[PDB]
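Naming convention: chains lettered A, B, ... in sequence-line order (proteins, then strands); numbering from 1 in each chain. The figures here come from the full heavy-atom set of this structure, side chains too, leaving out hydrogens, waters and symmetry mates.
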Amino acid sequence: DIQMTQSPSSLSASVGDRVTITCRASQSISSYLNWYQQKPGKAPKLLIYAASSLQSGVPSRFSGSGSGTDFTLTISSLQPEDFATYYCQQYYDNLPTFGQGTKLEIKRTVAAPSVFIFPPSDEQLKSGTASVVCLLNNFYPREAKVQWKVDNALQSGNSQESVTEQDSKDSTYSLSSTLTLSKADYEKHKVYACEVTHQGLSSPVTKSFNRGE
Amino acid sequence: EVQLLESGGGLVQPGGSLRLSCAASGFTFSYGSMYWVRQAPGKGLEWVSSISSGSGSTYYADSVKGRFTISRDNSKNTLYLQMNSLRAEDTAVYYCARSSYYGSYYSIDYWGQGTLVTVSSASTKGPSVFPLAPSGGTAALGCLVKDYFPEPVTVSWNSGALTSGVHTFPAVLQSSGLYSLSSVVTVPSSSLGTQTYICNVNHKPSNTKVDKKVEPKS
Amino acid sequence: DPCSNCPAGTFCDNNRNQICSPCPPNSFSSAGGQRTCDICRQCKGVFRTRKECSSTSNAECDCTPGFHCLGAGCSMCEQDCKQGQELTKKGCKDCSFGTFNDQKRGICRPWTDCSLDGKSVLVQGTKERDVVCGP
Ligand SMILES: [Mn+2]
């Protein structure tokens, strides 16, 4: 079979920077090599065909090189919209194998998140479960510590996190942390706090509420 | 206008079979090829199958060979993917695609929107939608879409009209084996009371179509 | 040779280790085992496209209105005449008495002899219709 190895798996680079993505074939594939760009929720877009031919409607900053086994994709001056997963694909043998992909992160200045705490709705409490949500809005870098405190006691195992994909215009992230408790455990305690640690904050930010307004 | 539309996706038990359909319009399949490409959640693109125009010569990836069959009913302009002996690794968004000819060869150019195939023994469960009632002049509100299976669930705000400041978070598989997500919107604090905010939740597998108005509690 | 297996609509690709590759646009292969696809015929000028070209079949031409196809695979365009006429060097001329032509193309043919089948003439032939015989 023909294997397509892409290098690296991921990279972070600033607006204006130049990046290179490698693609190696297990055997010679001449110039029958394509480069695709996949943005979250969008269909993959053909950037380069025949190893080095730039497709019409594709910016001159995207360029291709190689023949045989080793192939290279370069982006001459990164834009915030360039955040995507890049894939190579070979068309030499009727079995068009894709490379494993290269996820491209756009580097940006530190942006502190705005923090929001949501108590469980009265609708949910009637069902026997309490979900407390903590929102971190438009921050960079992605790396953030979200700690749940119930009557000043740090929680463990009862929370899950979810992060959005990098915003294509302002290059930031958003996070939601959900603390799940039973109605009995939720009604037993008073102070519900969400503590956030991030590079953009001088010291950790705590958002809290006292059950029963 | 070239249009590709997949259908037949859904929940299927391991060992089972599923047949996908891809309806095409705006072209005659007299040249090139048509394909099936799949994408496992958070993983890379995997080409699985091809069919040549005229002859109907087929090609398969080693990962699906012997289990999957591609075919084209030209009279109906429909491409099929018969998928037998399905396993958890086959869980993916399945895309049908059409070729274009550039630099002396045919390659993938057109893609459909995809159809999600979930290979699981778990049962379909509809979600519960709870409001997340309304930081440096910024206010946040949202909807908690809890306890559903399988994926996907679509979330809109004021029937697609409100898109700015919206964040629909990827679903997390809870310890119960059911998914949960929240969809939020931030607005300037001072604007609260000048606009209404309704989250429109749709979970097609369970015929769930929920429109929830988010208001401040009293 | 492995090329012989390549079916109509494909060519044995010399640039990719003799694999079967679909015919490129504007080309066809109505037979198998070809190493190149044949260029499609262009239906232009006096010619018009009837059946568009595909990977498995060549484009089929028609003629401009007031003209019809002549020879195998529509190689020429011949001028149309009216029913009851035929084409001569000096243009369309009416069928001579005793002959007919029910088509906008071709030549005048003598009327059928009803008496040959022991049949009567019920309706005499015209320039555009043959005779109608009895039972
Ligand atoms: Mn935001």
Counting neighbours of [atom1] on [X] that are heavy atoms of other residues, nucleotides or ligands and sit closer than 6.0 Å, is the number greater than 12?
{"X": "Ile39(C)", "atom1": "CD1", "result": "no"}
{"X": "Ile107(C)", "atom1": "CD1", "result": "no"}
{"X": "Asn207(B)", "atom1": "CG", "result": "no"}

**Study point:** Segment of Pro7(C) engaging chain B (4.5 angstrom heavy-atom cut-off)
**Key:** side chain

Taking 3.5 Å as the threshold, show me the donor-acceptor pairs across chain B and chain C, one per line with distances to 0.1 Å.
unit_1    : atom_1 : unit_2   : atom_2 : d
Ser30(B)  : O      : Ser55(C) : N      : 3.0
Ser30(B)  : O      : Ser55(C) : OG     : 3.1
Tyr31(B)  : OH     : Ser27(C) : O      : 2.8
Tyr31(B)  : OH     : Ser54(C) : O      : 3.4
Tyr106(B) : OH     : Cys23(C) : O      : 2.8

Revision key, fill the gap. Most contact-rich option vs chain B, by heavy-atom pairs under 4.5 angstrom, among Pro22(C), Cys20(C), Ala8(C), is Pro22(C)

Practice item. Output the option from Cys53(C), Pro24(C), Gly32(C), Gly9(C) having the highest count of non-hydrogen pairs under 4.5 Å with chain B. Key: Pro24(C)

